């Protein structure tokens, strides 16, 4: 009945929006290292700042000794996740998505350790199991476990089905089943018992938990990180020029460092908790220090330095000063 303090620690950083059976999860985490997964869809040839918190959270779990499975949606990216989206996602071609998958897999790799013993990271691609799956097999073997009555009640698609100015394609309506099966598949092959995801993923994650129970009779868990907000109410990671990419060829390390330096005083201490590995004690002391220094706050350049090194390494940090 031992209990891990990992979920508590993430909670103090404000990184847990929702979590299933927290008490039970904390006990399972105390049993020993577990395999967990976080997934990313190839919506572009690179991830951007909107995907960084979940990615770093996967790394936070590995640091605590757990094994991270970095899933790239080679199949789901050909369908489109409608969760809390106002309109249909653009449909990209098979050829282009397969190319983007490889780019994202490569971009994700440096963030995790693939050479640290049994909790070494593992890359996954759901195109492996959906790429050649026949439609009748999908509809029968996976589809019979989903109730449409329940599906149309999921909060993630509620507005699309209720607002006269919106609608949802059968294509995107089926997405929840694909991600649900992803959890069951990874549970069966890698022993994955936890899926963490973005703030708009609760329903997709819970469908995976239920399907894993229905298919393999195993209890698994889910956790979502929060929607990252800015005090001024604007969208985090959105600039006049668009997204802030993690690919240095799209958004240079210099520009990336500039983005963080510009962080609002109201957001900077919360952002240090979400985006860096500094301890809560050190961040709290830094906030107190800035409060009584009479100098410009140090928090913005500490944040810029920390995240720039995490994303672009020492080379990018050096490039940010020339």
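Numbering follows the first chain given and starts at 1.
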| item | value |
| --- | --- |
| Segment of higher mean CA temperature factor, 291-299 or 51-59 | 291-299 |
| Greater mean Cα temperature factor according to the PDB record, 76-84 or 112-120 | 112-120 |
| Top Cα B factor in the deposited entry, candidates 261, 280, 37, 26 | 280 |
| Out of 203, 197, 167, 191, residue topping the C-alpha B-factor column of the entry | 167 |
| Assigned third (lowest, middle, highest) for the C-alpha B factor of residue 91 | highest |
| Chain third (lowest, middle, highest) by recorded CA B-factor, residue given as residue 322 | middle |
| Chain-relative CA temperature factor third for residue 105 | lowest |
| Cα B factor band for residue 148 (lowest, middle or highest third within the chain) | middle |
| Third of chain Cα B-factors occupied by residue 226 | highest |
